[PDB]
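A note on names: the letters A, B, ... follow the listed sequences, proteins ahead of strands, and every chain is numbered from 1. Below, each value reflects all heavy atoms present in this structure, side chains not excepted, and no hydrogens, waters or symmetry copies.
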Amino acid sequence: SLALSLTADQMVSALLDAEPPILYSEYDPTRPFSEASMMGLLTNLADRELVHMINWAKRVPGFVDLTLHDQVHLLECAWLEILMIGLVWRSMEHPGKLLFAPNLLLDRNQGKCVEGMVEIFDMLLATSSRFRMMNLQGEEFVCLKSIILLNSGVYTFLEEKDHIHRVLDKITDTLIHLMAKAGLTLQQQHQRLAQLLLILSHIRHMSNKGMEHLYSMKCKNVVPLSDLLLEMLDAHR
Amino acid sequence: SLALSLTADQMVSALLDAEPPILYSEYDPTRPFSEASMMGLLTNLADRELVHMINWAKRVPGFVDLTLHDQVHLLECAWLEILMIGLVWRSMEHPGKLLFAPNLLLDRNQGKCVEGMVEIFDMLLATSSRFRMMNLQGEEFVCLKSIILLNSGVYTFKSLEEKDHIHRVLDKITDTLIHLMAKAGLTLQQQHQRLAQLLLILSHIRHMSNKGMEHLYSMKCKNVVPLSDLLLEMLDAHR
Amino acid sequence: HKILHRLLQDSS
Amino acid sequence: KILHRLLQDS
Ligand SMILES: COC[C@H]1C[C@]2(C)[C@@H](O)CC[C@H]2[C@@H]2CCc3cc(O)ccc3[C@@H]12
Ligand SMILES: COC[C@H]1C[C@]2(C)[C@@H](O)CC[C@H]2[C@@H]2CCc3cc(O)ccc3[C@@H]12
């Protein structure tokens with residue numbers, strides 16, 4: 001039970017150091033976009049990101065303590081949420097654009113290339129604008145991303161459940177500590193904690209819509225998905 | 001600026017008094033269920049509940065200050081989330097059962113009466129067990145339900161002062177939840193931990209709504225149940 | 001002529 | 001299956 005022994009500053013350090021790299025897409029500027037090719041780009045990217053996510057998740061305090069079955073379930077539940085919160089974070093300093101990768105920065109008009117996707121781009125963009133409005137900090141971002149991992153699938157599972165909730169509570173202590181050290185007042189600290197966690201409601205929604213969309217694209221043979229993506233997708237159905 | 005001036009005790013007071021009534025089902029307990037009849041009972045109940053939900057929403061502090069268009073958007077986004085948290089709350093003291101109405105208390109095996117439904121029942125039952133595990137209180141519930149109303153569609157919103165007002169109202173409700181916890185004697189650390197625990201529930205509520213909406217929609221298409229015009233409209237807003 | 005619109009204006 | 005394998009490899 002070593003996750004439980006960490007201080008708040010050690011929690012932050014572990015999470016910052018666990019951060020996966022920002023990967024490049026296979027975007028080829030020599031050819032124009034199609035629905036099929038944009039969906040190919042985004043899913044090829046996500047598939048590579050997923051590998052780095054599995055390794056990140058193992059570095060999230062407490063996660064390694066869970067059984068393999070428990071780890072599968074949590075990741076199967078939250079993977080698209082985790083991809084999405086990263087995207088919104090990466091896009092913060094690019095108003096009106098989604099930075100999927102440094103070589104793949106798309107506006108809503110480029111989103112229109114794929115049927116049904118622009119509605120999701122709008123949600124992701126609105127959420128990135130919330131992040132910018134709040135002045136969301138990287139240390140706060142890593143806490144939220146970890147809470148998603150541990151929380152989204154947590155009720156859809158008994159002593160490991162208690163253990164998850166202990167870790168989740170430690171991430172809360174960590175968030176508050178970060179806010180106190182940044183000089184937020186006691187009242188500002190609880191008001192911001194709430195604002196930040198309400199984000200996760202929106203991230204969940206966007207994930208659910210995204211999963212339906214991706215499934216739609218699979219079922220109409222728009223793009224071939226890697227076996228890993230096929231399995232991650234099949235978990236939600 | 002009426003809603004920004006409420007005290008914590010007055011906020012709880014207003015939310016408690018705005019509560020909708022608990023409606024009964026038009027269900028007779030001598031007749032077995034079929035997929036059609038059960039979907040008929042659940043949606044008939046929900047349709048009646050929606051009318052009372054509108055009166056409740058108009059009594060949520062700050063809500064009447066928003067434009068009709070914005071009010072519509074928030075209710076369209078959050079309506080099934082709101083029905084579900086009500087369901088989960090009134091099932092809290094009935095382990096393994098969902099209390100849709102006082103004369104319609106359904107077990108997980110009764111969810112199997114409708115295709116694809118037991119999976120949703122299981123999610124609802126797990127959330128209810130969480131409520132029970134946290135010892136969730138009535139004053140906290142009305143706070144959380146109000147937050148869902150104001151939050152779920154808040155980023156889908158030039159009048160930017162609408163968003164800002166609504167964010168002030170959300171902050172007041174946070175202050176109100178914290179007030180309740182301080183009043184119950186929780187330490188600061190415990191207040192913060194509990195506030196987070198309660199808010200993470202709303203991610204699970206949002207998930208269940210999105211699944212529930214996919215299911216209701218599947219039921220509509222294959223014509224297992226005829227839905228009211230209101231319901232068809234509330235459903236059409238999500239696709 | 002959304003029902004919701006009308007319910008909101010007629011709320012009690 | 002694949003996720004399960006990847007979680008052991010690292
Ligand atoms: C698994 O592919 C993820 C892709 C493709 C979608 C799921 C589309 O079907 C709808 C929404 C799309 C995702 C948005 C979030 C995201 C984030 C990444 O870091 C990489 C790809 C994606 C999109
Ligand atoms: C609008 O009908 C809501 C009904 C029927 C469902 C949407 C099913 O299709 C799947 C999920 C069902 C709802 C779960 C929550 C709920 C709550 C109520 O207070 C009344 C009805 C319902 C169900």
Side-chain angles (χ1 to χ4, degrees), chain A residues 198 201, chain B residues 2-4 6 8-25 42-92 99-102 104 124 127 131 136-154 165-166 168-170 172-174 176-177 180 198 201-202 205-206 208-209 212-213 228 230-231 233-235 237, chain C residues 2-12:
Chain A
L198 294 187
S201 169
Chain B
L2 33 70
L4 281 71
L6 268 35
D9 272 330
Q10 290 179 336
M11 176 72 57
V12 172
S13 223
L15 293 180
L16 289 183
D17 295 345
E19 271 298 273
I22 288 102
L23 302 185
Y24 274 83
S25 179
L42 295 185
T43 62
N44 180 278
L45 172 57
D47 169 87
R48 284 180 293 119
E49 284 187 281
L50 275 161
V51 176
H52 295 279
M53 182 189 305
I54 281 55
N55 295 342
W56 163 82
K58 294 224 91 149
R59 279 166 145 271
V60 168
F63 188 82
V64 290
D65 306 332
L66 302 174
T67 64
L68 179 59
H69 170 284
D70 282 357
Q71 287 176 356
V72 161
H73 168 73
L74 290 173
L75 282 171
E76 276 173 348
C77 180
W79 73 273
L80 187 56
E81 282 193 83
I82 292 160
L83 288 177
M84 283 181 165
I85 197 185
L87 173 60
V88 164
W89 166 250
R90 56 186 188 264
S91 308
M92 220 189 106
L99 196 149
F100 283 97
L104 193 61
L124 290 162
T127 306
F131 277 36
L136 207 133
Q137 299 294 301
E139 297 80 354
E140 305 178 309
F141 168 70
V142 298
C143 287
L144 285 180
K145 194 175 55 175
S146 280
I147 290 166
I148 293 173
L149 175 62
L150 299 182
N151 175 63
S152 286
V154 79
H165 175 64
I166 210 283
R168 310 182 95 89
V169 179
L170 273 313
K172 278 315 207 78
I173 320 257
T174 312
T176 303
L177 279 167
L180 290 166
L198 290 166
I201 296 312
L202 305 196
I205 289 150
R206 175 86 88 150
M208 292 191 296
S209 170
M213 206 75 74
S228 66
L230 179 50
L231 251 33
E233 299 191 349
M234 297 310 283
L235 178 60
Chain C
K2 276 191 184 167
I3 319 289
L4 192 43
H5 269 77
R6 192 244 308 171
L7 289 171
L8 278 164
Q9 301 184 87
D10 299 337
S11 85
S12 313

Would you indicate whether the side-chain heavy atoms of [Y] and [X] approach each other to under 4.5 Å?
{"X": "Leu4(C)", "Y": "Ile54(B)", "result": "yes"}
{"X": "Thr127(B)", "Y": "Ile85(B)", "result": "no"}
{"X": "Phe100(B)", "Y": "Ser25(B)", "result": "no"}
{"X": "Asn151(B)", "Y": "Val154(B)", "result": "yes"}
{"X": "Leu15(B)", "Y": "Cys143(B)", "result": "yes"}
{"X": "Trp56(B)", "Y": "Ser146(B)", "result": "yes"}
{"X": "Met11(B)", "Y": "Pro61(B)", "result": "yes"}

Distance check, rounded to the nearest 0.5 Å: [X] atom [atom1] versus [Y] atom [atom2]?
{"X": "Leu75(B)", "Y": "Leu50(B)", "atom1": "CG", "atom2": "CG", "answer": "8.5 Å"}
{"X": "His165(B)", "Y": "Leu66(B)", "atom1": "NE2", "atom2": "CG", "answer": "6.0 Å"}
{"X": "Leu23(B)", "Y": "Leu104(B)", "atom1": "CG", "atom2": "CG", "answer": "12.5 Å"}
{"X": "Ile82(B)", "Y": "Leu144(B)", "atom1": "CD1", "atom2": "CG", "answer": "12.0 Å"}
{"X": "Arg48(B)", "Y": "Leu230(B)", "atom1": "CZ", "atom2": "CG", "answer": "13.0 Å"}
{"X": "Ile201(B)", "Y": "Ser201(A)", "atom1": "CD1", "atom2": "OG", "answer": "12.0 Å"}

Is the ring pair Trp89(B)/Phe131(B) parallel, tilted or perpendicular, if the boundaries are 30 and 60 degrees?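 Taking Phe131(B) first and then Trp89(B), their aromatic rings sit tilted (interplane angle of 30° to 60°).
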
Throw together a table of side-chain donor-acceptor distances under 3.5 angstrom for residues 5-12 of chain C, partners on residues two or more places apart or in other chains.
none

What residues, two or more places apart in sequence or in another chain, satisfy salt bridge (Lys or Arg N to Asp or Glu O under 4.0 Å) together with [X]?
{"X": "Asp9(B)", "result": "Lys183(B)"}
{"X": "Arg168(B)", "result": "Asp164(B)"}
{"X": "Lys58(B)", "result": "none"}

Please determine whether side chain to side chain contact (heavy atoms under 4.5 Å, CB included) holds for the pair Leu198(B) and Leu177(B), giving the CA-CA distance in whole Å, both sets of side-chain angles, and the decisive distance to 0.1 Å. CA-CA 10 Å; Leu198(B) 290 166; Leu177(B) 279 167; 4.0 Å; yes

Less than 3.5 Å apart, any donor N or O on the side chain of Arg59(B) or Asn55(B) sitting next to an acceptor on the other? no

Any residue meeting side chain to side chain donor-acceptor pair (under 3.5 Å) with [X], in chain and number order, not counting sequence neighbours:
{"X": "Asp47(B)", "result": "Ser228(B)"}
{"X": "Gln137(B)", "result": "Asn135(B)"}
{"X": "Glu139(B)", "result": "none"}

Within residues 72-81 of chain B or reaching into it, pairs that qualify as side chain to side chain donor-acceptor pair (under 3.5 Å) - sequence neighbours excluded: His73(B)-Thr156(B), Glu76(B)-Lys2(C), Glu81(B)-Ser152(B)

Search all heavy atoms of [X] against all heavy atoms of [Y] and return the closest pair with its distance.
{"X": "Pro20(B)", "Y": "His52(B)", "value": "CB-CB, 4.2 Å"}
{"X": "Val64(B)", "Y": "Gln71(B)", "value": "CA-NE2, 3.6 Å"}
{"X": "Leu149(B)", "Y": "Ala57(B)", "value": "CD2-CB, 3.9 Å"}

Contact list for residues 61-75 of chain B, test salt bridge (charged side-chain N to carboxylate O under 4.0 Å, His left out), sequence neighbours left out: none

Taking only residues at least two apart or on different chains, which pairs with a member in residues 10-23 of chain B satisfy salt bridge (charged side-chain N to carboxylate O under 4.0 Å, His left out)?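 Only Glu19(B)-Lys145(B) qualify under salt bridge (charged side-chain N to carboxylate O under 4.0 Å, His left out).
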
Identify, with sequence neighbours excluded, every residue that meets side-chain contact (heavy atoms from CB on, under 4.5 Å) alongside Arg90(B).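 Per chain and number, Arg90(B) pairs via side-chain contact (heavy atoms from CB on, under 4.5 Å) with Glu49(B), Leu87(B), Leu99(B).
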
Ring pair (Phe, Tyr, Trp, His ring centres under 6.0 Å) partners for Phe63(B), two or more places apart: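 Listed in chain order: nothing, the list is empty.
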
Neighbour count >12 (heavy atoms, 6.0 Å) for atom CG, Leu68(B): yes

